[PDB]
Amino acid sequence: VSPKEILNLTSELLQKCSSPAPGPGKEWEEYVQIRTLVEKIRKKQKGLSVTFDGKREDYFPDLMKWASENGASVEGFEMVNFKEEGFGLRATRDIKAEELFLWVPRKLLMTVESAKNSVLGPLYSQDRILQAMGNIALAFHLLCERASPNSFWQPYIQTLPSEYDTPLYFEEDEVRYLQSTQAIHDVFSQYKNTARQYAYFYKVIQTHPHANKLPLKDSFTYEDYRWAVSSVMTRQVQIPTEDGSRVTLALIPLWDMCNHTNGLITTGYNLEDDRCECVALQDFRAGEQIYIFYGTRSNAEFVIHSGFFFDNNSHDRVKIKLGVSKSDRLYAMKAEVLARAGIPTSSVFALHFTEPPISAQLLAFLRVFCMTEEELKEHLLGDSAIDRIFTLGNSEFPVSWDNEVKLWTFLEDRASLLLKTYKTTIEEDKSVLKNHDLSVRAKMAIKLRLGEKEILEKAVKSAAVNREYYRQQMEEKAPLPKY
């Protein structure tokens, strides 16, 4: 393989991935075209530029010794390769809920700030993408230190995974299960973003003099970049800067071996002591895996950015795009009520799987969306208008019984329509999962498309129930709640 052929291929890849979106109906074809080009490049390269002679668990002792010398907690847990979640931490003694059992001083972290002071510093000061996007900066920080045998962070880097289950690693037929879903567009964007960035930085490293000292000047493969961005997207956090005035992105060694379970955030940054601190989410008996709660993300975010699907995610949600139509004769009034309420005229809202399917913001939007002219004037004029605006997001204080019946009818119809745009039904998806033997990645894709439809089906039932509740209040001429 010649370096001129790879440079030609990355130039073609850069041009392909910088073109504008060819319209949603050609996105699958574009995705496959980009995949074909990436795989041609990947097959002509040697995988990860830097690989380590030992097994991943061979390096966990060095991680512990390094973390201990720099003031981190290293007693009371051990690293175990769990089947369901991969490597994680297991308690070696009983740990009580709310016990401060894990702490990591700032010196151990990799941050945008440590990226700036490293060998990447010169190129960082020149490139507009690196300056604007701390996540990409972290990824290149990871790669440069990985390729630096004397790096301070070598004990952390040598214990990182070598592969991930983000969609960047899926086969084409595994992504194909997601055709017609909401999620697949984010899969497309992730793949095109990553390919464009790889080609862009491949050329930048060649052309910039400030990149002459980087080990990436000698070797920078697609596999390198896919590994680095996947390492960052599955593990990065936001912390305050040392001054406490701004926030920065970081990687937190040792702590980021914890796997996810449902609960509440119990990890916080301690600025007085300058360290990350983790208290136990629940009691952990000796021999039990130590879990944390990653955050209130949807399963689409867990799959695309974290590389796993979480069963019983109580924060799961899908998107729903809604806006007041400029052809509506009440557009001006509706837009103004929405503006006074702090809500855009058009937006992407969320439908949740939990007991309230819609947020206060979505409820307020739908109320205005279905308001009559008389109702709109009562939200625009007079000494009670701001009071009425103030309660627009509150389920307890409807505008009118008729307004509620109209809005839940609309939501029922729209969620029903959204269900009819999927290639498969919920029952078909359950049959696929029961009757076929599938890879982990394939199961993630199918569970994701199943989960989108299950949220919409629950919204249909929820809206139908609410429509009947408010139709009852209307027929019984119940007094409206006030104040």
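Residues carry their position along the shown sequence, with the first being 1.
Out of 219 to 227 and 147 to 155, which stretch has the higher average CA B-factor listed in the record?
-> Going by the record's values, the stretch with the higher mean is 147 to 155.
55 to 63 set against 439 to 447, stretch whose average Cα temperature factor tops the other in the entry | The deposited B-factors put 55 to 63 ahead on the C-alpha mean.
So among 132, 322, 178, 100, who wins on Cα B-factor in the entry?
-> Highest CA B-factor of the listed options: 132.
Which one of 316, 288, 273, 78 shows the biggest C-alpha B-factor in the PDB entry?
-> Comparing C-alpha B-factors across 316, 288, 273, 78, the maximum falls on 273.
Among the modelled residues of its chain, does the C-alpha B-factor of residue 389 lie in the lowest, middle or highest third?
-> For residue 389, whose C-alpha B-factor we compare with every modelled residue in the chain, the answer is the middle third.
Relative to the other modelled residues in the chain, which third contains the C-alpha temperature factor of residue 213: lowest, middle or highest?
-> Highest third, going by the recorded CA B-factors of the chain.
Could you say whether, by C-alpha temperature factor, residue 423 belongs to the lowest, middle or highest third of its chain?
-> Its C-alpha B-factor, which the entry lists for residue 423, ranks in the middle third among residues of this chain.
Check where residue 327 lands among this chain's C-alpha B-factors and tell me if it's the lowest, middle or highest third.
-> Residue 327: CA B-factor falls in the highest third of its chain.
Sorting the chain's CA B-factors, does residue 304 end up in the lowest, middle or highest third?
-> Its C-alpha B-factor, which the entry lists for residue 304, ranks in the lowest third among residues of this chain.
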